[PDB]
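Student: Sharing a structure here in structure tokens format.
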Amino acid sequence: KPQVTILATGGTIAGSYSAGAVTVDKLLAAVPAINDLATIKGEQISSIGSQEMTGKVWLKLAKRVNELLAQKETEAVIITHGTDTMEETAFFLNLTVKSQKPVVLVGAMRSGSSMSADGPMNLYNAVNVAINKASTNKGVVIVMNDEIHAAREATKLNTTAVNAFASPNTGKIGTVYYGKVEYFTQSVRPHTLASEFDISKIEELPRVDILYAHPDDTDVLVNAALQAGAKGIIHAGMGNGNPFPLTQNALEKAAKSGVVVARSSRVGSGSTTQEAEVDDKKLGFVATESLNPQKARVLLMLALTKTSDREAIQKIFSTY
Amino acid sequence: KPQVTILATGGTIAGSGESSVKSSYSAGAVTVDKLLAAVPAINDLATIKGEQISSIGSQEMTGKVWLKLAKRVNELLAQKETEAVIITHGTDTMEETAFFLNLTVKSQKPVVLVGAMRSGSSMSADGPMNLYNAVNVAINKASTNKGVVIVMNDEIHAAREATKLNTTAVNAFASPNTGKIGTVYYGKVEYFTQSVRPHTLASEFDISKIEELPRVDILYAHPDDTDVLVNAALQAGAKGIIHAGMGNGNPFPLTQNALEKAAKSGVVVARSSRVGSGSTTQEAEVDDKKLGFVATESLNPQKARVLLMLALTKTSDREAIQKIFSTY
Amino acid sequence: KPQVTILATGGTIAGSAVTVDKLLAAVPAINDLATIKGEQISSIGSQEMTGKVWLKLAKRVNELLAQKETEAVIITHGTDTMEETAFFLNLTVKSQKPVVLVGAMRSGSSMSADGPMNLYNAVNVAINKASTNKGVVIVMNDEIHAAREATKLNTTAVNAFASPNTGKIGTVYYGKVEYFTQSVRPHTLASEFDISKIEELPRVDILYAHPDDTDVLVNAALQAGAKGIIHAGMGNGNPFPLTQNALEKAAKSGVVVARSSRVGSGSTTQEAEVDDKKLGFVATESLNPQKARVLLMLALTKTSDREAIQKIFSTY
Amino acid sequence: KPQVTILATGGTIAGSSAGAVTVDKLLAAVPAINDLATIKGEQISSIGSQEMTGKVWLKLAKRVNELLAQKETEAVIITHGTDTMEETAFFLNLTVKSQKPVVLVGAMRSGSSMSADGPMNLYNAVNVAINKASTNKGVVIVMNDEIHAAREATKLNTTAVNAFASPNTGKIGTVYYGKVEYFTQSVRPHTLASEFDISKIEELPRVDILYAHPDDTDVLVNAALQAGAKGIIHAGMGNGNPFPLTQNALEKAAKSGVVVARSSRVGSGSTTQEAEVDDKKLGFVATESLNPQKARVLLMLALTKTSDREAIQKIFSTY
Ligand SMILES: N[C@@H](CCC(=O)O)C(=O)O
Ligand SMILES: N[C@@H](CCC(=O)O)C(=O)O
Ligand SMILES: N[C@@H](CCC(=O)O)C(=O)O
Ligand SMILES: N[C@@H](CCC(=O)O)C(=O)O
């Protein structure tokens with residue numbers, strides 16, 4: 001049997017021999033068929049809802065994943081996670097885990113005690129994906145609702161639906177249906193081993209704020225973010241990354257002062273492009289291209305561990 | 001043939017390199033004359049008058065322009081000879097304008113917003129067809145009492161439901177919680193559904209005597225979030241805050257504490273979501289009655305901001321504002 | 001509390017009339033919402049459905065909703081052809097009272113079975129005051145879909161149901177029901193169809209278009225006594241030439257040929273590439289082949305006139 | 001600048017010597033193309049895509065193979081009607097023996113229409129064809145600023161300019177005013193990796209498609225058998241399920257040596273093995289994550305090599 005570690009970041013996503021953590025033992029009690037597929041070890045990394053996630057928990061999680069996958073006996077890692085910010089954690093890991101071994105994030109849109117709880121099947125499927133030979137070198141994945149999503153592309157796109165996860169710019173890379181795993185595509189953007197980021201010696205991540213653009217917008221939130229020590233700002237702009245004039249002036253000021261301003265969009269999908277209506281080279285801004293504000297924040301945070309140069313950060317957004 | 005006024009809020013959404021000026025007819029505004037020159041088939045469908053209400057990209061829109069636009073639409077539709085109004089508009093904030101109008105226009109006559117995702121000078125510009133289709137929708141008898149609509153990419157979207165969901169695509173407009181209410185294909189209009197949420201004549205909002213709208217900020221939630229943007233919004237005089245929360249409208253704890261403070265101080269805090277679709281629900285993880293918050297339900301942050309702005313012209317009571325979000 | 005009848009046909013629905021009693025044992029919270037009566041109308045997978053079962057079901061629903069004590073009907077049904085049954089009922093049930101169809105994409109004995117929640121939500125929709133006069137609805141995966149618009153769009157997903165031309169009309173989330181839109185196409189009471197005295201429905205075949213297509217399937221359908229043919233055409237309802245010739249023959253012989261599309265969404269339009277008036281064809285517009293077949297079947301109970309059938313497709 | 005051949009299968013997709021009049025009209029309508037590449041043109045057929053036939057597919061595939069064998073040819077672009085572009089693309093994806101780009105492109109709106117999509121689609125298609133990252137992606141469809149893998153692409157709407165989709169996987173890349181970016185690629189074998197070879201083939205095997213529904217029939221199966229069908233795609237209800245009467249007739253067809261492959265009418269997802277239909281007992285193949293029309297193409301090619309159930313199942317589980 002392959003050996004897999006499940007890292008829990010909160011409560012049980014399913015249900016209502018010790019693997020080595022009470023949450024994971026409850027999961028194995030709820031979904032006993034998992035034991036036929038793999039030898040499961042368990043650890044409790046944090047005990048929070050995903051809306052309480054912090055960079056400190058991310059760094060801890062990434063370092064631990066790296067240390068687990070460096071072990072000869074460990075075939076893969078599964079992380080149970082709240083759905084609200086699973087995309088951010090998955091993306092962070094996708095650029096910080098230095099292995100080709102599978103890393104799978106999984107959660108549940110419905111409570112484990114609910115009628116028609118999604119967790120049991122999601123978890124079962126996640127274990128099957130983790131142990132599948134074809135999952136090697138796919139990068140970090142999210143497995144939800146019979147679907148396998150690349151971490152670069154995945155987002156929570158609905159407040160409540162069991163099918164809330166989507167990859168709006170590319171679609172799912174594969175399927176998993178009652179444990180049967182099939183890949184149809186893979187990301188051609190560099191991840192994991194190919195990533196230039198290394199967080200092994202990092203204790204705190206740089207501060208990056210996100211601003212929400214709208215008509216009759218303001219400068220006061222840019223200024224508050226500067227005042228609070230923001231190293232970067234993601235601007236979730238109107239349409240193709242467009243700011244209101246008053247806000248643009250403030251962002252220009254921010255940029256001149258050494259804070260990295262990266263243009264994303266509030267709309268939900270598509271690329272926030274270079275050489276559209278905003279003169280990024282003149283104003284000192286970066287275009288985040290085909291990401292979303294929350295995932296752009298993650299990438300900018302990592303970029304800021306290496307550099308605050310406009311051109312080098314643009315190149316990072318145009319690569320990853 | 002019916003008489004329709006096209007209100008332009010910026011440049012031409014169709015054509016390039018046109019003249020306004022032709023011997024047979026003008027409409028009363030250069031932008032609109034250029035539209036007619038670019039799409040001459042429009043003149044067979046309706047008698048077109050034109051006005052220039054503003055001259056901006058939609059990313060520069062302001063409450064002042066919205067008030068001006070709404071009052072003018074109300075005037076135009078009060079005229080016996082005016083069958084409908086079409087507003088040409090930038091795509092970036094067309095959804096906010098449409099939604100504002102949907103709650104402030106006191107008529108059953110059609111109001112149609114239309115734009116173009118591609119420049120009129122571009123290869124394969126979408127504006128000419130979008131505009132032609134918009135005119136056909138504006139004059140169609142079935143468009144009466146549908147509320148304010150957006151017409152883009154052969155589709156008719158209810159203002160309550162519409163959003164720009166993509167940065168660049170000609171098909172960027174969607175109604176993610178309900179779909180389009182109708183279609184328009186080479187001018188052929190069909191409706192399949194209609195909103196059952198009150199709009200236009202049935203709206204309780206009235207902006208005829210309003211000069212400035214209340215200030216409502218929007219915040220973007222994320223892990224390791226902060227209190228400093230709530231505080232800055234309070235300091236700047238925010239009457240309301242839309243919180244674009246994680247998942248089903250969930251805040252980070254530090255931010256929640258600041259929002260609770262904001263609520264206690266009389267600022268209306270309304271929970272929406274960053275995710276893109278679905279309802280930010282009551283009686284989920286956030287105790288809204290205890291904390292003093294409103295749940296915006298099936299809107300999005302930007303449209304929730306509009307509704308809260310209008311609500312704040314009448315009241316800042318939590319229960320009354322919740323009822324407004326649960327009605328409109 | 002309101003009285004509701006659940007009709008089982010049934011499919012694989014909740015838990016590991018007896019079927020309805022098992023549902024109530026699996027989802028006991030339903031008993032707090034309504035007084036549930038149960039009947040077994042058929043005992044089949046929905047891939048075995050027939051016009052005889054549809055007629056029986058519709059007559060029974062009409063009888064039940066004519067009763068003063070009956071607030072609504074819920075029909076448990078297999079997912080494969082739920083859309084066809086819902087659409088049929090939408091044009092044949094003569095009442096404003098709610099009719100809700102509900103099923104499950106996963107077996108009731110499966111991990112994470114969808115049936116229990118679907119059923120619970122369906123009862124809540126059936127008894128909601130806003131569900132009156134919405135027409136027949138499908139309730140699946142927290143969503144309320146109008147029968148006219150609904151289709152099964154995926155082979156296996158719990159979210160397989162969609163309304164690709166319009167979206168869902170409402171939501172139901174842990175029993176909380178909200179409507180955001182409603183159909184403006186006539187249904188139920190406003191329908192001109194009446195099946196109370198009908199024992200067999202007219203035969204309507206469906207053909208699948210493709211490059212290098214054939215005439216032999218048109219001919220076989222004619223030979224087998226087809227009163228209508230739905231052609232699931234390429235793109236905007238377009239036939240291969242050999243097939244078109246055969247369909248023209250079929251039309252001249254009195255068989256109604258209606259153009260739909262294989263693509264999955266959008267309207268198969270009039271006045272596109274196919275000269276329908278010349279060739280003798282009807283354009284089905286914004287339906288799909290399977291639902292167009294239902295509507296043509298009903299139309300054929302009243303008429304086989306091209307213009308009248310086009311008017312029916314342009315109305316319903 | 002790179003040399004690219006545009007093969008036209010019908011009229012102009014844009015506007016109202018490269019070596020073919022259609023292609024010269026395209027260059028007149030979209031002159032910016034000439035800055036990107038040296039364009040040669042050929043007229044392979046002169047038809048709407050609803051009139052496509054295997055004969056035109058064979059001709060097209062052989063010609064593409066010839067053109068890409070030429071050192072001077074960087075890529076091929078094929079202008080095509082939208083209705084059956086997905087079939088032609090899928091066929092070429094399994095028959096073109098090269099890593100050089102092959103790009104299919106069309107227009108949902110007529111070139112003479114207001115807001116015609118052809119000019120931009122064509123411009124974008126040339127940019128994709130000449131991009132270095134398009135090598136070894138397989139055959140692609142370029143429409144509405146999107147790059148779709150041939151295996152996954154389908155026309156999903158009757159009229160919309162955004163009618164093309166990849167419902168099981170999404171687009172593999174984007175092209176926006178000529179700027180090309182790939183985000184994914186297919187991991188299913190295509191082009192050079194395909195086992196199919198049509199260089200000596202003159203006619204493809206006959207494969208019919210049947211549309212399933214309640215109260216279904218056996219007469220269409222029988223007519224297809226009578227007409228010489230080597231295979232039948234059954235577009236089944238839900239997860240590839242037949243009506244009983246029809247299943248009996250398909251079982252008969254299978255026993256008689258006709259390959260029966262189960263797909264679905266629904267639009268997306270896999271028609272799976274080991275669901276409600278006992279394929280091994282009845283003699284059927286499950287087409288998995290394709291659609292009826294593309295399953296037909298793959299079965300047609302499979303039938304040039306074998307009519308064995310197990311070998312055809314393996315083909316559907318591979319490509
Ligand atoms: N807000 C919770 C919801 C539970 C879930 O859907 O995962 C979380 O993300 O932690
Ligand atoms: N972003 C500008 C450009 C035009 C458009 O995209 O509609 C605007 O919103 O006005
Ligand atoms: N194909 C079966 C699946 C089981 C179910 O849907 O209940 C049916 O349509 O009945
Ligand atoms: N049905 C025609 C029209 C052109 C088009 O839609 O691309 C074809 O496919 O050739």
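The way I read the labels, and the way they are meant: chains A, B, ... in the order of the structure tokens, residue 1 as the first residue of every chain, and ligand 1 as the first ligand shown, with later ones counted on from there.
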Do you know which residues are within 8 Å of ligand 3 using only C-alpha atoms and all ligand atoms? Can you write them as a list in words?

Tutor: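 Residues lying within 8 Å of ligand 3: residues 10, 11, 12, 13, 44, 45, 46, 47, 77, 78, 79, 80, 81, 82, 103, 104, 105, 106 and 107 of chain C; 237, 238, 239, 241 and 276 of chain D.
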
Student: Once you count only C-alpha atoms and all ligand atoms, which residues end up within 9 Å of ligand 2, and could you hand them over as a list in words?

Tutor: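 Using only C-alpha atoms and all ligand atoms, everything at most 9 Å from ligand 2 comes to residues 238, 239, 240, 241, 242 and 277 of chain A; 9, 10, 11, 13, 56, 57, 58, 59, 60, 61, 89, 90, 91, 92, 93, 94, 115, 116, 117, 118, 119, 167 and 168 of chain B.
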
Student: Return as JSON lines the residues of chain A lying at most 9 Å from chain D, together with the closest atom-to-atom pair for each and the distance in Å to one decimal, counting only C-alpha atoms, with rows in chain order and ascending residue number.

Tutor:
```
{"residue": "A:167", "atom": "CA", "partner": "D:170", "partner_atom": "CA", "distance": 8.3}
{"residue": "A:168", "atom": "CA", "partner": "D:170", "partner_atom": "CA", "distance": 8.2}
{"residue": "A:169", "atom": "CA", "partner": "D:170", "partner_atom": "CA", "distance": 7.5}
{"residue": "A:170", "atom": "CA", "partner": "D:170", "partner_atom": "CA", "distance": 4.7}
{"residue": "A:171", "atom": "CA", "partner": "D:170", "partner_atom": "CA", "distance": 4.3}
{"residue": "A:172", "atom": "CA", "partner": "D:169", "partner_atom": "CA", "distance": 5.3}
{"residue": "A:173", "atom": "CA", "partner": "D:169", "partner_atom": "CA", "distance": 6.2}
{"residue": "A:174", "atom": "CA", "partner": "D:169", "partner_atom": "CA", "distance": 7.6}
{"residue": "A:183", "atom": "CA", "partner": "D:187", "partner_atom": "CA", "distance": 7.1}
{"residue": "A:184", "atom": "CA", "partner": "D:187", "partner_atom": "CA", "distance": 5.5}
{"residue": "A:185", "atom": "CA", "partner": "D:186", "partner_atom": "CA", "distance": 4.4}
{"residue": "A:186", "atom": "CA", "partner": "D:184", "partner_atom": "CA", "distance": 5.3}
{"residue": "A:187", "atom": "CA", "partner": "D:184", "partner_atom": "CA", "distance": 4.4}
{"residue": "A:188", "atom": "CA", "partner": "D:184", "partner_atom": "CA", "distance": 5.1}
{"residue": "A:189", "atom": "CA", "partner": "D:183", "partner_atom": "CA", "distance": 6.2}
```

Student: So that each row is one residue of chain C with an atom at most 8 Å from chain A, can you give its shortest atom pair and the distance in Å to one decimal, using only C-alpha atoms, rows by chain and rising number, as a tab-separated table?

Tutor:
```
residue	atom	partner	partner_atom	distance
C:111	CA	A:121	CA	5.8
C:112	CA	A:116	CA	5.2
C:113	CA	A:116	CA	5.4
C:114	CA	A:116	CA	5.2
C:115	CA	A:116	CA	7.2
C:116	CA	A:116	CA	6.1
C:117	CA	A:115	CA	5.7
C:141	CA	A:161	CA	7.6
C:142	CA	A:161	CA	7.4
C:157	CA	A:146	CA	7.4
C:158	CA	A:145	CA	8.0
C:159	CA	A:163	CA	6.7
```

Student: May I have the residues from that selection written out with N, CA, C and O atoms, as a PDB file, in the first residue's frame?

Tutor:
```pdb
ATOM      1  N   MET C 111     -21.954   6.851  -0.970  1.00  0.00           N
ATOM      2  CA  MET C 111     -21.398   7.900  -0.110  1.00  0.00           C
ATOM      3  C   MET C 111     -21.873   9.210  -0.723  1.00  0.00           C
ATOM      4  O   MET C 111     -21.900   9.354  -1.957  1.00  0.00           O
ATOM      5  N   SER C 112     -22.183  10.179   0.120  1.00  0.00           N
ATOM      6  CA  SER C 112     -22.525  11.522  -0.368  1.00  0.00           C
ATOM      7  C   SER C 112     -23.689  11.492  -1.384  1.00  0.00           C
ATOM      8  O   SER C 112     -23.681  12.211  -2.377  1.00  0.00           O
ATOM      9  N   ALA C 113     -24.682  10.659  -1.110  1.00  0.00           N
ATOM     10  CA  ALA C 113     -25.893  10.629  -1.928  1.00  0.00           C
ATOM     11  C   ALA C 113     -26.584  11.993  -1.956  1.00  0.00           C
ATOM     12  O   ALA C 113     -26.755  12.636  -0.899  1.00  0.00           O
ATOM     13  N   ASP C 114     -26.995  12.436  -3.151  1.00  0.00           N
ATOM     14  CA  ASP C 114     -27.655  13.743  -3.313  1.00  0.00           C
ATOM     15  C   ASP C 114     -29.181  13.723  -3.080  1.00  0.00           C
ATOM     16  O   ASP C 114     -29.783  14.776  -2.830  1.00  0.00           O
ATOM     17  N   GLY C 115     -29.773  12.531  -3.099  1.00  0.00           N
ATOM     18  CA  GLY C 115     -31.221  12.365  -2.987  1.00  0.00           C
ATOM     19  C   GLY C 115     -31.854  12.947  -1.753  1.00  0.00           C
ATOM     20  O   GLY C 115     -32.847  13.656  -1.858  1.00  0.00           O
ATOM     21  N   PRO C 116     -31.290  12.660  -0.567  1.00  0.00           N
ATOM     22  CA  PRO C 116     -31.913  13.161   0.652  1.00  0.00           C
ATOM     23  C   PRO C 116     -32.138  14.680   0.661  1.00  0.00           C
ATOM     24  O   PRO C 116     -33.270  15.138   0.875  1.00  0.00           O
ATOM     25  N   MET C 117     -31.091  15.456   0.400  1.00  0.00           N
ATOM     26  CA  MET C 117     -31.232  16.899   0.324  1.00  0.00           C
ATOM     27  C   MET C 117     -32.114  17.350  -0.858  1.00  0.00           C
ATOM     28  O   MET C 117     -32.889  18.303  -0.724  1.00  0.00           O
ATOM     29  N   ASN C 141     -29.954  19.945  -6.813  1.00  0.00           N
ATOM     30  CA  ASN C 141     -28.718  20.609  -6.445  1.00  0.00           C
ATOM     31  C   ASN C 141     -28.915  22.047  -6.005  1.00  0.00           C
ATOM     32  O   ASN C 141     -28.188  22.940  -6.424  1.00  0.00           O
ATOM     33  N   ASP C 142     -29.914  22.261  -5.158  1.00  0.00           N
ATOM     34  CA  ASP C 142     -30.238  23.583  -4.552  1.00  0.00           C
ATOM     35  C   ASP C 142     -30.838  24.576  -5.521  1.00  0.00           C
ATOM     36  O   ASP C 142     -30.880  25.771  -5.241  1.00  0.00           O
ATOM     37  N   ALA C 157     -22.376  14.221 -12.999  1.00  0.00           N
ATOM     38  CA  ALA C 157     -22.234  15.210 -11.944  1.00  0.00           C
ATOM     39  C   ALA C 157     -23.521  15.465 -11.148  1.00  0.00           C
ATOM     40  O   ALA C 157     -24.618  15.515 -11.704  1.00  0.00           O
ATOM     41  N   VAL C 158     -23.383  15.721  -9.846  1.00  0.00           N
ATOM     42  CA  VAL C 158     -24.570  16.071  -9.046  1.00  0.00           C
ATOM     43  C   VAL C 158     -25.185  17.398  -9.503  1.00  0.00           C
ATOM     44  O   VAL C 158     -26.386  17.604  -9.358  1.00  0.00           O
ATOM     45  N   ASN C 159     -24.370  18.221 -10.145  1.00  0.00           N
ATOM     46  CA  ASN C 159     -24.845  19.452 -10.775  1.00  0.00           C
ATOM     47  C   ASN C 159     -25.173  19.311 -12.282  1.00  0.00           C
ATOM     48  O   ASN C 159     -25.054  20.257 -12.997  1.00  0.00           O
TER      49      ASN C 159
END
```

Student: Report the residues of range 46-291 of chain A whose backbone DSSP state falls under strand (DSSP E), written as number ranges by chain.

Tutor: A: 74-80, 103-106, 141-144, 147-150, 155-156, 165-166, 174-177, 180-183, 185-187, 208-212, 232-237, 260-265, 285-287

Student: Would you list which chain C residues are within 8 Å of chain B using only C-alpha atoms, as a ChimeraX atom specification?

Tutor: /C:165-170,179-185
